[PDB]
Amino acid sequence: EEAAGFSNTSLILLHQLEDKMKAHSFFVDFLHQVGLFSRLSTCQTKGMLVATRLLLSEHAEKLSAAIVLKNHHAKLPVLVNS
Amino acid sequence: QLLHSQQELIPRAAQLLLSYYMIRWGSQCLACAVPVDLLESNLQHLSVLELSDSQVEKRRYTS
Amino acid sequence: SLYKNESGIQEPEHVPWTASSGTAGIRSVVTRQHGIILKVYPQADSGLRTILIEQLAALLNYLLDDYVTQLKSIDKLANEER
């Protein structure tokens, strides 16, 4: 489809973020169902130990942050794009 | 050629003796067993002071 | 509640991405932000300044909550010193 793009590219990016959130939710639910979410214990990050359940929670938090960041990108475009 | 050679080599011997003094001393000069994140914070404070050579390098301390 | 496991394994310590360790994260930004505040504040009008206070208070509460979460993340039985 891409030669210069169509008129809904911002919406495509937004819905890509939406599907990212949906897939993260599906993965967390999958882990809960298969009992691997309970087995999630820790991993080594930056020299500090983090529970991977917390890691996935932060993944979802910063995915929502990306969504709202695209919202701010739409609302106040010049500074955010700079 | 022996006379000038020894006069040339004596300061060289002095400096090289100093160098391997430094090396042997370093081989026994201990390093503190501290966590990486504390040193990272200290380097961040240095960088706040506008200090170069404050680079952070992930290395694994031995127990 | 979702990212808390059914049984889980108990280990000390955690830092969220918002409270990303080292002052060079959000904290230095906050400090510089206050330093910028104090210059504009005297000439800013009453309502503008006020709104700056409420936003600043929200920011500060978020940060102190980050610190509280980091603290509660630690499980101390031999880690009382740290």
# chains A, B, ... in the order shown; residues from 1 in each chain; ligands from 1
$ interface_residues --of "chain A" --to "chain C" --cutoff "6 Å" --atoms "only C-alpha atoms" --output "ChimeraX atom specification"
/A:38,50,53
$ write_last_selection --atoms "C-alpha atoms" --output "short mmCIF file (atom, residue, chain, number, x, y, z; two decimals), in the first residue's frame"
data_model
loop_
_atom_site.label_atom_id
_atom_site.label_comp_id
_atom_site.auth_asym_id
_atom_site.auth_seq_id
_atom_site.Cartn_x
_atom_site.Cartn_y
_atom_site.Cartn_z
CA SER A 38 3.24 -17.70 38.74
CA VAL A 50 13.46 -7.26 38.91
CA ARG A 53 5.92 -10.10 36.30
#
$ closest_atom_pairs --of "chain B" --to "chain A" --cutoff "9 Å" --atoms "only C-alpha atoms" --output "tab-separated table"
residue	atom	partner	partner_atom	distance
B:35	CA	A:47	CA	8.1
B:36	CA	A:47	CA	6.5
B:37	CA	A:47	CA	6.3
B:58	CA	A:47	CA	8.3
$ interface_residues --of "chain B" --to "chain C" --cutoff "10 Å" --atoms "only C-alpha atoms" --output "PyMOL selection string"
chain B and resi 37-38+40-45+47-48
$ residues_around --residues "residue 27 (chain A)" --least-positions-apart "5" --cutoff "10 Å" --atoms "only C-alpha atoms" --output "list in words"
residues 21, 22, 32, 33, 37 and 56 of chain A
$ write_last_selection --atoms "N, CA, C and O atoms" --output "tab-separated table (two decimals), in the first residue's frame"
chain	number	residue	atom	x	y	z
A	21	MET	N	-1.01	-3.45	22.81
A	21	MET	CA	-1.60	-3.62	24.13
A	21	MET	C	-2.41	-4.91	24.20
A	21	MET	O	-2.34	-5.64	25.19
A	22	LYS	N	-3.19	-5.19	23.16
A	22	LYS	CA	-4.00	-6.40	23.14
A	22	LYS	C	-3.14	-7.65	23.18
A	22	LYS	O	-3.46	-8.62	23.87
A	32	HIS	N	-0.75	-16.66	32.67
A	32	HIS	CA	-1.60	-17.00	33.80
A	32	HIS	C	-2.28	-18.35	33.59
A	32	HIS	O	-2.35	-19.18	34.50
A	33	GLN	N	-2.79	-18.59	32.38
A	33	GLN	CA	-3.47	-19.84	32.08
A	33	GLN	C	-2.53	-21.03	32.16
A	33	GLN	O	-2.87	-22.05	32.77
A	37	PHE	N	3.03	-17.47	34.58
A	37	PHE	CA	3.07	-16.18	35.26
A	37	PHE	C	3.43	-16.35	36.73
A	37	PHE	O	4.20	-15.56	37.28
A	56	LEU	N	6.92	-7.26	32.86
A	56	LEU	CA	5.80	-7.21	31.92
A	56	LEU	C	4.84	-6.09	32.27
A	56	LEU	O	4.29	-5.43	31.37
$ residues_around --residues "residue 80 (chain C)" --least-positions-apart "3" --cutoff "12 Å" --atoms "only C-alpha atoms" --output "ChimeraX atom specification"
/C:12,71,74-77
$ write_last_selection --atoms "N, CA, C and O atoms" --output "PDB file, in the first residue's frame"
ATOM      1  N   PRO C  12      13.626  -9.605  47.830  1.00  0.00           N
ATOM      2  CA  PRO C  12      13.656  -8.161  48.087  1.00  0.00           C
ATOM      3  C   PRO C  12      13.892  -7.342  46.829  1.00  0.00           C
ATOM      4  O   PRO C  12      14.229  -7.889  45.774  1.00  0.00           O
ATOM      5  N   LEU C  71      10.994   1.343  48.225  1.00  0.00           N
ATOM      6  CA  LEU C  71      11.256   0.910  49.592  1.00  0.00           C
ATOM      7  C   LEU C  71      10.489  -0.362  49.923  1.00  0.00           C
ATOM      8  O   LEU C  71      11.078  -1.362  50.345  1.00  0.00           O
ATOM      9  N   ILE C  74      11.568  -3.924  48.949  1.00  0.00           N
ATOM     10  CA  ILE C  74      12.601  -4.664  49.654  1.00  0.00           C
ATOM     11  C   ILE C  74      11.972  -5.513  50.750  1.00  0.00           C
ATOM     12  O   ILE C  74      11.117  -5.047  51.513  1.00  0.00           O
ATOM     13  N   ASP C  75      12.396  -6.770  50.824  1.00  0.00           N
ATOM     14  CA  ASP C  75      12.008  -7.681  51.891  1.00  0.00           C
ATOM     15  C   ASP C  75      13.212  -7.865  52.799  1.00  0.00           C
ATOM     16  O   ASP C  75      14.182  -8.525  52.420  1.00  0.00           O
ATOM     17  N   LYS C  76      13.152  -7.286  53.997  1.00  0.00           N
ATOM     18  CA  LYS C  76      14.313  -7.190  54.873  1.00  0.00           C
ATOM     19  C   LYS C  76      14.208  -8.208  56.000  1.00  0.00           C
ATOM     20  O   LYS C  76      13.258  -8.178  56.790  1.00  0.00           O
ATOM     21  N   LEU C  77      15.181  -9.117  56.060  1.00  0.00           N
ATOM     22  CA  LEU C  77      15.340 -10.028  57.187  1.00  0.00           C
ATOM     23  C   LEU C  77      16.805 -10.045  57.601  1.00  0.00           C
ATOM     24  O   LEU C  77      17.137 -10.360  58.749  1.00  0.00           O
TER      25      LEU C  77
END
$ atom_distance --atom1 "CA of residue 60 (chain C)" --atom2 "CA of residue 79 (chain A)"
24.2 Å
$ select_by_dssp --residues "chain A" --states "helix (DSSP H, G or I)" --output "VMD selection string"
chain A and resid 9 to 34 36 to 39 52 to 75 77 to 81
$ closest_residue --among "C:68, C:56, C:51, C:44" --to "residue 31 (chain C)" --atoms "only C-alpha atoms"
C:56
$ closest_residue --among "C:30, C:1, C:47, C:37" --to "residue 54 (chain A)" --atoms "only C-alpha atoms"
C:1
$ decode --residues "region 34-56 of chain C" --atoms "N, CA and C atoms" --output "PDB file, in the first residue's frame"
ATOM      1  N   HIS C  34      12.499  22.828  38.312  1.00  0.00           N
ATOM      2  CA  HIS C  34      12.298  23.783  39.396  1.00  0.00           C
ATOM      3  C   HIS C  34      13.203  24.998  39.234  1.00  0.00           C
ATOM      4  N   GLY C  35      14.455  24.762  38.839  1.00  0.00           N
ATOM      5  CA  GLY C  35      15.356  25.873  38.584  1.00  0.00           C
ATOM      6  C   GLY C  35      14.827  26.794  37.505  1.00  0.00           C
ATOM      7  N   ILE C  36      14.173  26.222  36.499  1.00  0.00           N
ATOM      8  CA  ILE C  36      13.532  27.026  35.466  1.00  0.00           C
ATOM      9  C   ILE C  36      12.306  27.733  36.025  1.00  0.00           C
ATOM     10  N   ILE C  37      11.524  27.028  36.848  1.00  0.00           N
ATOM     11  CA  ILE C  37      10.357  27.628  37.496  1.00  0.00           C
ATOM     12  C   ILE C  37      10.730  28.950  38.130  1.00  0.00           C
ATOM     13  N   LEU C  38      11.708  28.920  39.033  1.00  0.00           N
ATOM     14  CA  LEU C  38      11.937  30.057  39.921  1.00  0.00           C
ATOM     15  C   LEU C  38      12.213  31.348  39.154  1.00  0.00           C
ATOM     16  N   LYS C  39      12.748  31.254  37.935  1.00  0.00           N
ATOM     17  CA  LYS C  39      12.971  32.459  37.144  1.00  0.00           C
ATOM     18  C   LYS C  39      11.661  33.036  36.619  1.00  0.00           C
ATOM     19  N   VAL C  40      10.806  32.187  36.050  1.00  0.00           N
ATOM     20  CA  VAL C  40       9.565  32.665  35.453  1.00  0.00           C
ATOM     21  C   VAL C  40       8.565  33.080  36.520  1.00  0.00           C
ATOM     22  N   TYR C  41       8.568  32.387  37.654  1.00  0.00           N
ATOM     23  CA  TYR C  41       7.547  32.582  38.676  1.00  0.00           C
ATOM     24  C   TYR C  41       7.285  34.032  39.058  1.00  0.00           C
ATOM     25  N   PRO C  42       8.287  34.872  39.350  1.00  0.00           N
ATOM     26  CA  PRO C  42       7.964  36.224  39.840  1.00  0.00           C
ATOM     27  C   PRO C  42       7.103  37.024  38.883  1.00  0.00           C
ATOM     28  N   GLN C  43       7.332  36.892  37.581  1.00  0.00           N
ATOM     29  CA  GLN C  43       6.571  37.664  36.611  1.00  0.00           C
ATOM     30  C   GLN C  43       5.314  36.959  36.136  1.00  0.00           C
ATOM     31  N   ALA C  44       5.208  35.649  36.339  1.00  0.00           N
ATOM     32  CA  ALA C  44       3.999  34.927  35.969  1.00  0.00           C
ATOM     33  C   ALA C  44       2.841  35.417  36.826  1.00  0.00           C
ATOM     34  N   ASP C  45       1.631  35.371  36.273  1.00  0.00           N
ATOM     35  CA  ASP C  45       0.479  35.877  36.999  1.00  0.00           C
ATOM     36  C   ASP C  45      -0.023  34.851  38.008  1.00  0.00           C
ATOM     37  N   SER C  46      -1.007  35.274  38.802  1.00  0.00           N
ATOM     38  CA  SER C  46      -1.449  34.472  39.937  1.00  0.00           C
ATOM     39  C   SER C  46      -1.974  33.110  39.506  1.00  0.00           C
ATOM     40  N   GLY C  47      -2.900  33.076  38.549  1.00  0.00           N
ATOM     41  CA  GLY C  47      -3.474  31.800  38.139  1.00  0.00           C
ATOM     42  C   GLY C  47      -2.446  30.890  37.495  1.00  0.00           C
ATOM     43  N   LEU C  48      -1.597  31.456  36.638  1.00  0.00           N
ATOM     44  CA  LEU C  48      -0.553  30.670  35.994  1.00  0.00           C
ATOM     45  C   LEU C  48       0.375  30.054  37.023  1.00  0.00           C
ATOM     46  N   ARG C  49       0.887  30.880  37.937  1.00  0.00           N
ATOM     47  CA  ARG C  49       1.722  30.369  39.012  1.00  0.00           C
ATOM     48  C   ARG C  49       0.996  29.278  39.780  1.00  0.00           C
ATOM     49  N   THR C  50      -0.247  29.540  40.183  1.00  0.00           N
ATOM     50  CA  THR C  50      -1.005  28.570  40.961  1.00  0.00           C
ATOM     51  C   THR C  50      -1.044  27.224  40.257  1.00  0.00           C
ATOM     52  N   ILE C  51      -1.452  27.223  38.988  1.00  0.00           N
ATOM     53  CA  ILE C  51      -1.523  25.988  38.213  1.00  0.00           C
ATOM     54  C   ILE C  51      -0.168  25.296  38.212  1.00  0.00           C
ATOM     55  N   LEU C  52       0.906  26.087  38.140  1.00  0.00           N
ATOM     56  CA  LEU C  52       2.238  25.512  38.282  1.00  0.00           C
ATOM     57  C   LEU C  52       2.390  24.805  39.625  1.00  0.00           C
ATOM     58  N   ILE C  53       1.844  25.382  40.697  1.00  0.00           N
ATOM     59  CA  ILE C  53       1.923  24.690  41.987  1.00  0.00           C
ATOM     60  C   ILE C  53       1.178  23.360  41.951  1.00  0.00           C
ATOM     61  N   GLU C  54      -0.056  23.327  41.439  1.00  0.00           N
ATOM     62  CA  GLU C  54      -0.760  22.042  41.473  1.00  0.00           C
ATOM     63  C   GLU C  54      -0.046  20.999  40.622  1.00  0.00           C
ATOM     64  N   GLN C  55       0.429  21.391  39.439  1.00  0.00           N
ATOM     65  CA  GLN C  55       1.153  20.433  38.611  1.00  0.00           C
ATOM     66  C   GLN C  55       2.422  19.964  39.313  1.00  0.00           C
ATOM     67  N   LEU C  56       3.125  20.881  39.971  1.00  0.00           N
ATOM     68  CA  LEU C  56       4.362  20.524  40.650  1.00  0.00           C
ATOM     69  C   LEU C  56       4.089  19.569  41.798  1.00  0.00           C
TER      70      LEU C  56
END
